[PDB]
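A.B. asks: Sending over a structure as structure tokens; questions will come in a sec.
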Amino acid sequence: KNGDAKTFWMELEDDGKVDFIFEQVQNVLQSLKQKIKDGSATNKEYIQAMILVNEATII
Amino acid sequence: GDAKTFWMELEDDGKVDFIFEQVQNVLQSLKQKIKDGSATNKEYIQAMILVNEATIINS
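Protein chains in written order, with full-length UniProt numbering: chain A, 4 to 62; chain B, 6 to 64.
This is the structure we're talking about:
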């Protein structure tokens, strides 16, 4: 099929995994948020959360 | 660009919940446009980048 990002997402839907993958992303974000508010986040988790925020939203 | 400083400032300012809500809104929107088939190329790519930054990084 087409060589683009849409093709992957249509394959993923045919695989029945779209809700699943978004749930995993949502679980990771929740975990990062809790660790940051708790003060237990590692350096790599602070970095990961910063990068995710900046990819989703302006600043 | 220091990620600890980034989050410390947000946390001290009381904005951590707000930033994560905004990310969650973007995710829910992307997910729905992918399932509706209304997403653009850039949105399919953005969704994929978020998935990989959340699930491959620090896995």
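Think of the CB as a built atom: it goes at the ideal place given N, C-alpha and C, for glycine as much as any other residue.
Below 8 Å on the Cβ atoms is my guess for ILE39 of chain A versus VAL28 of chain B; work out the distance and round it to an integer in Å.
C.D. replies: Along the first sequence, read from residue 1 onward, the residue named residue 39 of chain A stands at position 36. Along the second sequence, read from residue 1 onward, the residue named residue 28 of chain B stands at position 23. The Cβ separation is near 12 Å, so there is no contact.
A.B. asks: Taking the straight line between their C-alpha atoms, what separation do you get for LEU32 of chain B and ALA52 of chain B?
C.D. replies: One-based indexing of the second sequence puts residue 32 of chain B at position 27. One-based indexing of the second sequence puts residue 52 of chain B at position 47. When rounded, the distance between both Cα atoms is 8 Å.
A.B. asks: What does the Cβ neighbour count give for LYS36 of chain A, buried or exposed, with the cut at 16 atoms within 10 Å?
C.D. replies: Locating residue 36 of chain A in the first sequence gives position 33, where the first residue counts as 1. When all chains shown are included, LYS36 of chain A counts as buried.
A.B. asks: Just by C-beta distance, which residues in the stretch 23–48 of chain A are closer than 9 Å to chain B?
C.D. replies: The residues in question are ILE24, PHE25, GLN27, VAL28, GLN29, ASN30, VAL31, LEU32, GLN33, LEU35, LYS36, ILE39, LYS40, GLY42, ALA44, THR45, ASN46, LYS47 and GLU48.
A.B. asks: Less than 8 Å between CB atoms is the rule here; does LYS20 of chain B satisfy it with respect to chain E?
C.D. replies: Protein chains in the displayed structure are A and B, and chain E is not among them.
A.B. asks: Return the Cβ separation of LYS9 of chain B and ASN57 of chain A in integer angstroms, given the expectation that the two are a contact with Cβ distance under 8 Å.
C.D. replies: Here residue 9 of chain B refers to the residue found at position 4 of the second sequence. Here residue 57 of chain A refers to the residue found at position 54 of the first sequence. Their Cβ separation, rounded to whole angstroms, is 15 Å, which puts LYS9 of chain B and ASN57 of chain A out of contact at 8 Å.
A.B. asks: Under a CB-based cut-off of 8 Å, is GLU58 of chain B close to chain A?
C.D. replies: Taking the first residue of the second sequence as 1, we reach residue 58 of chain B at position 53. It does; some Cβ of chain A falls within 8 Å.
A.B. asks: List, in order along the chain, the chain B residues whose C-beta lies closer than 7 Å to that of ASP7 of chain A?
C.D. replies: Here residue 7 of chain A is taken as the residue at index 4 of the first sequence, counted from 1. Per Cβ cutoff of 7 Å: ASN46.
A.B. asks: Taking the C-alpha atoms as reference points, what is the distance between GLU26 of chain B and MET13 of chain A?
C.D. replies: On the second sequence, residue 26 of chain B is found 21 positions in, with the first residue counted as 1. On the first sequence, residue 13 of chain A is found 10 positions in, with the first residue counted as 1. Roughly 27 Å between the two C-alpha positions.
A.B. asks: Below 8 Å on the Cβ atoms is my guess for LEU15 of chain A versus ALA59 of chain B; work out the distance and round it to an integer in Å.
C.D. replies: Position 12 of the first sequence holds residue 15 of chain A. Position 54 of the second sequence holds residue 59 of chain B. Not really, about 15 Å apart at Cβ, beyond 8 Å.
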